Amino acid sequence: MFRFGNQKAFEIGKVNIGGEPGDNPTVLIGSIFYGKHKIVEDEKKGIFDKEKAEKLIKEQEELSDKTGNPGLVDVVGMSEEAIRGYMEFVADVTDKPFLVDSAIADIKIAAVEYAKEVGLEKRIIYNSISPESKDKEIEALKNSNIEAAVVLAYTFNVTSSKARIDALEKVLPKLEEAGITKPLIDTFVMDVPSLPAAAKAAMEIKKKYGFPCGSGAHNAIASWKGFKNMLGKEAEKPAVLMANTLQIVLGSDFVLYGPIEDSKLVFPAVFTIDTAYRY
């Protein structure tokens, strides 16, 4: 049977992530307040439709309760002041752990500091730490009780799975320094050709370390030059769903699946794969 052996299931805010195909439910992570999210009126100030945001979060949680696939929120911030208000809102709407997500180190550090101030540290998953992470990111985490982080196995060599393992091994001493004991490895999907390499890296990292592994490909379809021009906008939905679930067919542990609106697509799909492997 499709089992790796000796896999780690980390418990983060009472949610289990990691394990074996079929046996341990895939964790699905939907992003909210992402770039150009239409529920956001002003991304700098972080002004948004709270009714619509709450509904999006609760709709993912309803699907999660039905399938048994844990559903978490990935909170994106484009400014320090925005992400503070987003964190306060999400923490008011749900008890689940959630990710704080920014490409900008200063915004993630501001999220860490806000978690310390209002009392969210052990509910926060830092998204992400990479080989390129700044020392001040590692210091901010070290001076916190945040235990969990996404490790981005970033590499220019997008078709190499070994380059992603190398990237992970560059981050591993940063995790020790920061006190991160529950890493979730984002095996890094940049484009369509990265899809098989990221999946292979997940299998090799699960074999070597047993960490929970996953990725997200909304990205890879959004970056696919000529795709939408040819096939149309609606065609991105099945393409994104496929790119998001290929790694689950190939044994990974979680999906950063992109816009939280897509929960109604990704939960039934992944529920099907998990069920197939379980039985």
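The first residue of the sequence shown is number 1, and the count goes up from there.
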> Which has the higher mean CA temperature factor in the PDB entry, 193 to 201 or 171 to 179?
Replying inline: 171 to 179
>> If you average the CA temperature factors as listed in the entry, which stretch comes out higher, 217 to 225 or 234 to 242?
In response: 217 to 225
> Would the CA B-factor of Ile273 place it in the lowest, middle or highest third of its chain?
Replying inline: lowest
> C-alpha B factor of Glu59, ranked within the chain: lowest, middle or highest third?
Replying inline: middle
> Among the modelled residues of its chain, does the C-alpha B-factor of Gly35 lie in the lowest, middle or highest third?
Replying inline: highest
>> Where does the C-alpha B-factor of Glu261 rank in its chain, lowest, middle or highest third?
In response: middle
> Looking at the C-alpha B-factor of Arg164, is it in the lowest, middle or highest third of its chain?
Replying inline: middle
